[PDB]
>>> print(open('work07.cif').read())   # mmCIF, C-alpha atoms
data_model
#
loop_
_atom_site.label_atom_id
_atom_site.label_comp_id
_atom_site.auth_asym_id
_atom_site.auth_seq_id
_atom_site.Cartn_x
_atom_site.Cartn_y
_atom_site.Cartn_z
CA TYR A 1 55.18 87.25 106.32
CA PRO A 2 56.51 85.49 109.44
CA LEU A 3 60.02 83.96 109.42
CA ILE A 4 61.20 87.50 108.53
CA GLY A 5 61.63 88.06 112.26
CA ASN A 6 64.02 90.52 113.86
CA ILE A 7 66.86 90.13 116.37
CA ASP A 8 68.55 92.52 118.78
CA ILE A 9 72.31 92.66 119.41
CA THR A 10 73.96 95.01 121.91
CA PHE A 11 77.49 96.39 121.45
CA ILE A 12 79.82 97.61 124.21
CA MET A 13 82.92 99.82 123.83
CA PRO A 14 85.13 101.63 126.37
CA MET A 15 86.24 105.19 125.66
CA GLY A 16 88.66 106.69 128.19
CA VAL A 17 90.45 103.58 129.43
CA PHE A 18 94.12 104.29 130.15
CA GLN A 19 96.43 101.30 130.52
CA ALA A 20 97.87 102.11 133.95
CA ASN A 21 100.43 99.30 133.90
CA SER A 22 103.76 100.63 132.62
CA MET A 23 104.63 97.13 131.38
CA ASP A 24 101.36 97.02 129.39
CA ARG A 25 102.29 100.14 127.37
CA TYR A 26 104.46 98.41 124.78
CA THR A 27 104.99 98.69 121.02
CA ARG A 28 105.50 95.71 118.72
CA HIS A 29 108.33 97.43 116.80
CA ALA A 30 110.58 100.47 117.16
CA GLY A 31 109.45 102.77 114.35
CA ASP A 32 105.79 101.75 114.19
CA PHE A 33 103.98 105.12 114.05
CA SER A 34 106.53 107.93 113.98
CA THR A 35 105.80 111.65 113.71
CA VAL A 36 107.67 114.96 113.56
CA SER A 37 106.89 115.97 117.16
CA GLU A 38 109.54 115.55 119.85
CA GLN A 39 106.82 113.98 122.04
CA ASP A 40 104.75 111.32 120.28
CA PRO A 41 101.01 112.17 120.54
CA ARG A 42 100.12 108.57 121.47
CA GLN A 43 101.56 108.30 125.00
CA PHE A 44 98.84 110.76 126.06
CA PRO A 45 95.70 109.11 127.51
CA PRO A 46 92.96 108.43 124.96
CA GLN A 47 89.80 110.52 124.85
CA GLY A 48 87.69 108.84 122.16
CA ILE A 49 86.77 105.63 120.37
CA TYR B 1 73.04 100.38 66.63
CA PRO B 2 71.28 100.70 70.01
CA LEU B 3 72.41 98.76 73.12
CA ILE B 4 75.77 100.55 72.63
CA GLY B 5 74.58 103.33 74.91
CA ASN B 6 76.76 105.64 76.98
CA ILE B 7 77.11 106.39 80.69
CA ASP B 8 78.39 109.41 82.61
CA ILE B 9 80.52 108.95 85.74
CA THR B 10 81.70 111.99 87.72
CA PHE B 11 84.99 111.92 89.64
CA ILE B 12 85.93 114.00 92.70
CA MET B 13 89.38 114.59 94.22
CA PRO B 14 90.49 117.12 96.85
CA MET B 15 93.58 119.16 96.08
CA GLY B 16 94.92 121.30 98.92
CA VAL B 17 93.87 119.30 101.97
CA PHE B 18 96.26 119.61 104.90
CA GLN B 19 95.61 117.12 107.70
CA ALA B 20 95.28 119.65 110.51
CA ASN B 21 95.34 117.20 113.42
CA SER B 22 98.89 116.52 114.61
CA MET B 23 98.01 112.93 115.54
CA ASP B 24 96.95 112.19 111.94
CA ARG B 25 100.33 113.09 110.39
CA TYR B 26 101.91 109.69 111.00
CA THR B 27 104.41 107.62 109.05
CA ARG B 28 104.10 103.83 109.10
CA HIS B 29 107.89 103.28 109.19
CA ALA B 30 111.03 105.21 110.04
CA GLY B 31 112.74 105.29 106.64
CA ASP B 32 109.68 105.27 104.39
CA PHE B 33 110.81 107.94 101.90
CA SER B 34 114.18 109.26 103.03
CA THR B 35 116.00 112.19 101.42
CA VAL B 36 119.25 114.16 101.64
CA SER B 37 117.77 117.50 102.76
CA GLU B 38 117.95 118.46 106.44
CA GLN B 39 114.21 119.26 106.27
CA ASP B 40 111.95 116.57 104.80
CA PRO B 41 110.02 118.06 101.81
CA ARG B 42 106.87 116.09 102.64
CA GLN B 43 105.82 117.70 105.93
CA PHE B 44 104.95 120.85 103.96
CA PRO B 45 101.28 121.33 102.97
CA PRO B 46 100.44 119.74 99.61
CA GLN B 47 99.54 121.86 96.59
CA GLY B 48 98.55 119.33 93.91
CA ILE B 49 96.86 116.04 93.07
CA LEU C 1 69.93 110.61 90.72
CA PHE C 2 71.76 109.55 93.90
CA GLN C 3 73.67 112.89 94.04
CA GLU C 4 77.06 111.24 94.47
CA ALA C 5 80.49 111.33 92.85
CA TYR C 6 83.02 108.48 92.91
CA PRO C 7 86.66 109.20 93.85
CA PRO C 8 89.22 107.65 91.49
CA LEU C 9 92.78 106.47 92.18
CA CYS C 10 94.40 109.80 93.04
CA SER C 11 97.34 110.85 95.18
CA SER C 12 99.06 114.00 96.36
CA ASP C 13 102.41 112.47 95.36
CA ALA C 14 103.62 110.56 92.31
CA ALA C 15 106.19 108.83 94.54
CA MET C 16 103.65 106.75 96.50
CA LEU C 17 101.33 106.20 93.51
CA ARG C 18 103.56 103.33 92.30
CA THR C 19 105.50 100.68 94.23
CA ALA C 20 108.71 98.82 93.39
CA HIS C 21 107.42 95.34 92.60
CA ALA C 22 106.95 95.26 88.76
CA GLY C 23 103.23 94.82 89.18
CA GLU C 24 100.41 96.38 91.21
CA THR C 25 100.23 100.03 92.25
CA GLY C 26 100.74 101.62 95.65
CA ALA C 27 98.20 101.32 98.44
CA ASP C 28 99.55 103.32 101.40
CA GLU C 29 97.04 105.88 102.64
CA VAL C 30 99.03 108.77 104.16
CA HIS C 31 102.81 109.07 104.35
CA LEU C 32 103.74 112.22 106.27
CA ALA C 33 101.38 114.95 105.08
CA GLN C 34 100.62 113.67 101.57
CA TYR C 35 97.77 111.25 100.85
CA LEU C 36 96.61 108.58 98.43
CA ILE C 37 92.91 107.95 97.86
CA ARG C 38 92.17 104.36 96.88
CA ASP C 39 89.87 103.68 93.95
CA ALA C 40 86.20 103.57 94.96
CA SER C 41 84.68 104.08 91.49
CA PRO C 42 82.88 101.29 89.60
CA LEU C 43 86.00 101.21 87.36
CA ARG C 44 87.99 98.97 89.69
CA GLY C 45 88.97 96.08 87.41
CA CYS C 46 89.08 98.19 84.25
CA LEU C 47 91.05 101.17 82.82
CA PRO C 48 94.58 99.72 82.85
CA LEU C 49 97.46 101.62 84.44
CA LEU D 1 68.81 86.18 128.63
CA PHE D 2 72.56 85.58 129.10
CA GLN D 3 73.09 89.23 130.23
CA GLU D 4 76.04 89.88 127.93
CA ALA D 5 77.11 92.40 125.29
CA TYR D 6 79.31 91.59 122.30
CA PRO D 7 82.14 94.08 121.61
CA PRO D 8 82.42 95.24 117.99
CA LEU D 9 85.50 96.26 116.00
CA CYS D 10 86.49 99.48 117.77
CA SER D 11 89.73 101.39 118.21
CA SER D 12 91.03 104.48 119.97
CA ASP D 13 93.04 105.42 116.86
CA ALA D 14 91.89 105.85 113.27
CA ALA D 15 95.39 105.01 112.02
CA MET D 16 95.58 101.48 113.43
CA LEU D 17 92.00 100.56 112.43
CA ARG D 18 93.10 100.09 108.80
CA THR D 19 96.34 98.72 107.36
CA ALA D 20 97.97 99.71 104.08
CA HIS D 21 97.68 96.63 101.88
CA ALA D 22 94.45 97.27 99.85
CA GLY D 23 92.44 94.62 101.63
CA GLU D 24 91.99 93.48 105.24
CA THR D 25 92.01 95.78 108.26
CA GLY D 26 94.55 96.21 111.04
CA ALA D 27 95.40 93.64 113.69
CA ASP D 28 97.73 95.34 116.20
CA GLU D 29 96.01 95.27 119.58
CA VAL D 30 97.88 98.02 121.48
CA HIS D 31 100.50 100.41 120.11
CA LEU D 32 101.56 102.87 122.83
CA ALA D 33 98.48 103.76 124.89
CA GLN D 34 95.77 103.31 122.23
CA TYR D 35 93.97 100.01 121.64
CA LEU D 36 92.14 98.00 119.00
CA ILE D 37 89.43 95.68 120.34
CA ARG D 38 88.90 92.97 117.73
CA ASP D 39 85.41 91.87 116.73
CA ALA D 40 83.74 89.28 118.95
CA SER D 41 80.14 89.77 117.77
CA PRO D 42 78.27 87.19 115.65
CA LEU D 43 78.85 89.61 112.73
CA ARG D 44 82.43 88.48 112.14
CA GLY D 45 82.28 87.79 108.40
CA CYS D 46 79.25 90.01 107.77
CA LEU D 47 78.52 93.79 107.82
CA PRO D 48 81.03 94.80 105.12
CA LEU D 49 83.70 97.37 105.92
#
>>> encode(input="work07.cif", output="structure tokens")
Amino acid sequence: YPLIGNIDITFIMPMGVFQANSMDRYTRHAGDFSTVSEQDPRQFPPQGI
Amino acid sequence: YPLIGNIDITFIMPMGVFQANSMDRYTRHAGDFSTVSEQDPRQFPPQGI
Amino acid sequence: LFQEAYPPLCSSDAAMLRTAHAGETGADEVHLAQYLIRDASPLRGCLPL
Amino acid sequence: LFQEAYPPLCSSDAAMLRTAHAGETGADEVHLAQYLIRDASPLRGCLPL
């Protein structure tokens, strides 16, 4: 049956984008996502999406 | 009387899962579940469900 | 026939299984290394707690 | 025909992609160096999560 036609939508995502601006690397609160490590494993550049 | 039939639903829970990735062991706040011990007894690997 | 099993409301800790509101139960996913699996069974609005 | 691509709900962190309230997902856009790109596709209220 026609009117059961298909559409196509494309999706785009970046993967390894590091926010180079030191002002752009900000957290909305102090203790947002804390850990037990002395260095938080979120200041490191991302490697995946 | 029929139409009072039974069903069978199976449940699954993991027991000794330790989140091996160090980036996954996050707390959403600083004082979420505080204690008096100098070592927090929640960073240890779980042993029950 | 689908070869599946539904996870119930389970947690690795009894502390995060209930909240302090005289009402609904806890819903936080992972605290430090413990975990709470939200109810995904068909028994969502049944089986009172 | 417009030569464009709609970004879907993607994040560089699995922690920030879901919030702990038994309901809606997360909304924080950048925590330390990770990011959450909110949905801009025509599937805003569709494709259940």
>>> residues_around(input="work07.cif", residues="residue 32 of chain A", least_positions_apart="5", cutoff="12 Å", atoms="only C-alpha atoms", output="list in words")
residues 26, 27, 40 and 42 of chain A; 26, 27, 28, 29, 30, 31 and 32 of chain B; 15, 16, 28, 30, 31 and 32 of chain D
>>> write_last_selection(input="work07.cif", atoms="C-alpha atoms", output="PDB file, in the frame of the given file")
ATOM      1  CA  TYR A  26     104.460  98.410 124.780  1.00  0.00           C
ATOM      2  CA  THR A  27     104.990  98.690 121.020  1.00  0.00           C
ATOM      3  CA  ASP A  40     104.750 111.320 120.280  1.00  0.00           C
ATOM      4  CA  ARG A  42     100.120 108.570 121.470  1.00  0.00           C
TER       5      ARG A  42
ATOM      6  CA  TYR B  26     101.910 109.690 111.000  1.00  0.00           C
ATOM      7  CA  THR B  27     104.410 107.620 109.050  1.00  0.00           C
ATOM      8  CA  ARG B  28     104.100 103.830 109.100  1.00  0.00           C
ATOM      9  CA  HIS B  29     107.890 103.280 109.190  1.00  0.00           C
ATOM     10  CA  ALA B  30     111.030 105.210 110.040  1.00  0.00           C
ATOM     11  CA  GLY B  31     112.740 105.290 106.640  1.00  0.00           C
ATOM     12  CA  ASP B  32     109.680 105.270 104.390  1.00  0.00           C
TER      13      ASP B  32
ATOM     14  CA  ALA D  15      95.390 105.010 112.020  1.00  0.00           C
ATOM     15  CA  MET D  16      95.580 101.480 113.430  1.00  0.00           C
ATOM     16  CA  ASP D  28      97.730  95.340 116.200  1.00  0.00           C
ATOM     17  CA  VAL D  30      97.880  98.020 121.480  1.00  0.00           C
ATOM     18  CA  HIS D  31     100.500 100.410 120.110  1.00  0.00           C
ATOM     19  CA  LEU D  32     101.560 102.870 122.830  1.00  0.00           C
TER      20      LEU D  32
END
>>> resolve_selection(input="work07.cif", expression="the PyMOL selection byres ((chain D and resi 36) around 12)", output="PyMOL selection string")
(chain A and resi 13-15+17+49) or (chain D and resi 7-18+25-35+37-39)
>>> residues_near_point(input="work07.cif", point="(104.9, 116.3, 116.5)", cutoff="12 Å", atoms="all atoms listed in the file", output="PyMOL selection string")
(chain A and resi 33-42) or (chain B and resi 20-27+43) or (chain C and resi 32)
>>> atom_distance(input="work07.cif", atom1="atom CA of residue 9 of chain B", atom2="atom CA of residue 49 of chain C")
18.5 Å
>>> axis_aligned_box(input="work07.cif", around="segment 37-44 of chain C", padding_each_side="6 Å", output="lines of an AutoDock Vina configuration file")
center_x = 87.9
center_y = 103.5
center_z = 92.6
size_x = 22.0
size_y = 21.0
size_z = 22.5
>>> atom_distance(input="work07.cif", atom1="atom CA of residue 5 of chain C", atom2="atom CA of residue 48 of chain B")
19.8 Å
>>> closest_atom_pairs(input="work07.cif", of="chain D", to="chain C", cutoff="7 Å", atoms="all atoms listed in the file", output="tab-separated table")
residue	atom	partner	partner_atom	distance
D:20	CA	C:28	CA	4.8
D:21	CA	C:27	CA	5.8
D:22	CA	C:27	CA	5.7
>>> write_last_selection(input="work07.cif", atoms="C-alpha atoms", output="PDB file, in the frame of the given file")
ATOM      1  CA  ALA D  20      97.970  99.710 104.080  1.00  0.00           C
ATOM      2  CA  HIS D  21      97.680  96.630 101.880  1.00  0.00           C
ATOM      3  CA  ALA D  22      94.450  97.270  99.850  1.00  0.00           C
TER       4      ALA D  22
END
>>> atom_distance(input="work07.cif", atom1="atom CA of residue 45 of chain B", atom2="atom CA of residue 18 of chain B")
5.6 Å
>>> closest_residue(input="work07.cif", among="B:7, B:12, B:2, B:44", to="chain A", atoms="only C-alpha atoms")
B:44
